[PDB]
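In structure tokens, the next block holds one chain alone, the form deposited in one PDB entry.
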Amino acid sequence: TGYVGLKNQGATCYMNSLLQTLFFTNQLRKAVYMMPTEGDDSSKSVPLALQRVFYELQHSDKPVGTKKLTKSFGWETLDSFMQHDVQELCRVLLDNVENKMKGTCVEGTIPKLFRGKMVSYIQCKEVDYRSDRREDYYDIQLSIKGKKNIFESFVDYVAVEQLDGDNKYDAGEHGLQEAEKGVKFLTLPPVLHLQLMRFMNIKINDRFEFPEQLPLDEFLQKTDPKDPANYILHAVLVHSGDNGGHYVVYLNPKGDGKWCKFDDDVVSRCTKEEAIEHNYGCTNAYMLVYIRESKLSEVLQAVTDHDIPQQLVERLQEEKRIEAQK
């Protein structure tokens, strides 16, 4: 295919799979390329290290290396990747970029793409007291045990939990109260990152199905008729084994349904079934990326070589020059 892969270089684990996921989030990729890293240190700037890994995956006829990126955000102990989990690596990457874009023509791009909003609420049954606290979110964590498919997870996720018995709610002035607490989606981000809670640690390999096409209007408190909350499957992040483990990701970068498996240094076309149903559950998904139907075409906009400023290309090329002292 057109696509190049990332070298295996450590217990980097899910890093390689997550790098491809962010790379084919094209609208991100092009914003990342607009960051002004011109004056930045070549060895300890994460923004500059995302630019290079992105640049390389757009230009490299050979597998791309990530040693410099690893070294930039400094996860360099023996259990650095073992100890953390996927959302965490992405928050380190996205928060670096988000901050680096502030005061550029591409400010707010990370929140625009990834940020949804949520209300968490507790209501006393017996007495008149109610707490409501809005929340932003960049990623949602879905429960998997006792759930057969994503819809049950989402249903479980908006479930009303009962605060009764010894587990009653402390309602301040009103004493210990019988109460209902739960969560509601006020909005859903153009790009929807979901984590399946398979680690409880131990790895549950149970059966859990997710759709090619994911309609989530019934989870919104207010359904927009003009922009219905329908999602398209984009990446399927895969682990096989335990403690043991291999990582790969499945992508259809264009949103079109022509899938490839991204297995580090090698990239290969595959069936939808390999990417979707074959990861339902030792080879199973732990993270899903979905793009909203209305926003598919902006997010997966075309990326030309000219979309990279030549100041950057010169810097990077220069770097490549020295390094090439073989």
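Note that residue numbering follows the sequence shown and begins at 1. So that the term is clear: the rigid core is the largest set of C-alpha atoms that superpose within 1.5 Å between two forms. Shifts are known only where both forms have a C-alpha.
Missing deposited residues between residue 213 and residue 214: none, as the chain runs unbroken there. Counting the deposited residues that fall between residue 281 and residue 282 and carry no coordinates gives a value of 10 or more. Stretches compared: 109-117, 224-232. Higher mean C-alpha B-factor in the entry: 224-232.
Of the two stretches examined, 310-318 and 11-19, the record assigns the greater average C-alpha temperature factor to 310-318. Sorting 244, 255, 103, 190 by the CA temperature factor given in the entry leaves 244 at the top. Highest C-alpha temperature factor among 71, 239, 91, 133 per the entry: 133.
The deposited CA B-factor of residue 56 belongs to the middle third of values across its chain.
Residue 62: CA B factor lies in the highest third for its chain, per the PDB record. Compared with the other modelled residues of the chain, the Cα B-factor recorded for residue 44 ranks in the highest third. Looking at the C-alpha B-factors along this chain, the one for residue 217 belongs to the middle third.
Ranked against the other modelled residues of its chain, the C-alpha B-factor of residue 199 as given in the entry falls in the middle third.
Below, we turn to the form solved in complex with a partner chain, even though it does not appear here.
In terms of contact with its partner chain in the bound PDB entry, the residue from 248, 192, 110, 124 that brings a heavy atom within 4.5 Å is 110.
Heavy atoms of residue 128 never reach within 4.5 Å of its partner chain in the bound PDB entry, leaving it off the interface. Residue 256 falls outside the set of residues with a heavy atom inside 4.5 Å of its partner chain in the bound PDB entry.
Interface residue remark: residue 141 is counted as part of the site for its partner chain in the bound PDB entry, having a heavy atom within 4.5 Å. For residue 252, no non-hydrogen atom is located within 4.5 Å of its partner chain in the bound PDB entry, even though that partner is not displayed. Contact check for 56, 59 and 234: none of the three has a heavy atom within 4.5 Å of its partner chain in the bound PDB entry. Shown in the overlay between this form and the one not shown, fitted on the rigid core, is a CA shift at residue 213 smaller than 2 Å. Residue 78: CA moves 2 Å or more between this form and the one not shown after rigid-core fitting.
Segments of at least three consecutive residues in which every Cα is displaced by 2 Å or more between this form and the one not shown, once the core is aligned, occur only at 76-80.
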